[PDB]
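We've got the same protein chain twice here, in two forms, each standing alone as structure tokens: structure 1 and structure 2.
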Structure 1
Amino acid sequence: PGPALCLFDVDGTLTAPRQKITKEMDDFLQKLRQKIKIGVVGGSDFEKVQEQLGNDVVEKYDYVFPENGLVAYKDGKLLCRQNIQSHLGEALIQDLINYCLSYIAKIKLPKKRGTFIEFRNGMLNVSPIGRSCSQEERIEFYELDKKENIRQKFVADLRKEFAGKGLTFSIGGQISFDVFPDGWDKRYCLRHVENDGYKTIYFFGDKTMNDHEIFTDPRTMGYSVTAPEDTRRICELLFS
């Protein structure tokens, strides 16, 4: 119905895991773009996106959203930027940082290395243990955090001392847990597409991590695919 947009998650949906897009796929998308506009979003960076979809990616898609739209492109122009310290404000960053630093120093573990706090543009990857832990170190701490649940213990107190700062927490993997402003997941990019006159906004990607929010957000018509061949089968089924 009316003007529409197709937004695709990058790795997995448009390419084989850890690989650049296919010629067939690429030619398919440019062909699809003829009638309906297209866009891509992913948690990775533009450089990584370039590796997967090509260095001229901003010319192949109408919208390009690396870092979940925290980096946006449309028609080839750098729409804008946004980082956690600008949105949340420095003094807000240091309050979270300070706290985690002093809290982390009070946790006896079998091993400690470095990068107890990693700083991403739109997310603070913490960890009571660090981040550069080895292969054996990581598994060790992981099996240890199994029964201990050290992470949930901290990811709960933080929610308290900082209750109300529009911050969302997230425990993932075996050693670290991400921190970030509310809505700063793939849904963030939607803000670059809800004002260009689209009656329908399709999304193609992973619908479950638990649950991918962009896939459920009311503005999108979710279509989770299992690989690039599916993205085409559905796009073929839906369009053309």
Structure 2
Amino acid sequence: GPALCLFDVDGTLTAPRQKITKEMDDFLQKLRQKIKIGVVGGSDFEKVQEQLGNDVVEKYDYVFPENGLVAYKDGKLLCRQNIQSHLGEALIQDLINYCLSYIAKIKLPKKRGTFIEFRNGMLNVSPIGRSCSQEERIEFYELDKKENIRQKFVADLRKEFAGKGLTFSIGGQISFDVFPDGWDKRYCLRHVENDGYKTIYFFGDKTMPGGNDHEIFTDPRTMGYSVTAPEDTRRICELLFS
């Protein structure tokens, strides 16, 4: 029946950490004539606007910044919930109180500010502070390998809040994320289940276990494809829909 194409953005539609090429932009739009298309990323709407254009809500049938906790369908904003409503204020606090009590114990070269960034669907936690300078960031990054700060930190939290239904992911140089079980990229599948699609195709460049696309790739709701590079994604879309 009717189908929908779901695309991860970074590394899938674009070269990593760069805007999309217009060659691909035109290909996607030529493909939109055949079926509906959608995009999903962990970055905020502004970053997705940067990587794929300002008009992005107007050129894609769905746009799912922040893994889908901000969700646009056909130009209009959907239905949204945040981390406070879902977990409840007491667990939030109990988790915030723990992270602060833990960071106060870490011994570091330098510490700065914004130790917990409250996002829409996660708590970013940085032992050094997100306010860090670019130099202090690389310096903390390198010490974290040597003495396993973030790793040991995530281990204590997994144990202390086991069963409270949270996932802990480490990314980048300074931080790790804390988010509710299932609020990775398969969160946006909430918005495409009831819209009557026979097949929902997904494309992502990190379908390996431990990658940002794995859980949405292995989800039964998606016929998932594993893409190596943007050109591969066009290679695969050329074969299915034409």
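Throughout, residue numbering runs from 1 along the sequence of structure 1. Only the largest set of C-alpha atoms that superpose within 1.5 Å between the two forms is called the rigid core.
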Report task. Where the C-alphas switch from fitting one rigid part better to fitting the other, that's the hinge; pick which of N149, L79, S132, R159 sits there, comparing between the two structures. Result -> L79
Requested in this report: Mind giving me the turn angle of the little rigid part against the big one between the two structures, whole degrees please?
Outcome: 15
Requested in this report: Would you look up how far the C-alpha of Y142 moves between the two structures when the rigid core is overlaid, in angstrom?
Outcome: 6.8
Requested in this report: Using the rigid core as the frame, report the C-alpha movement of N83 between the two structures, one decimal, in Å.
Outcome: 1.6
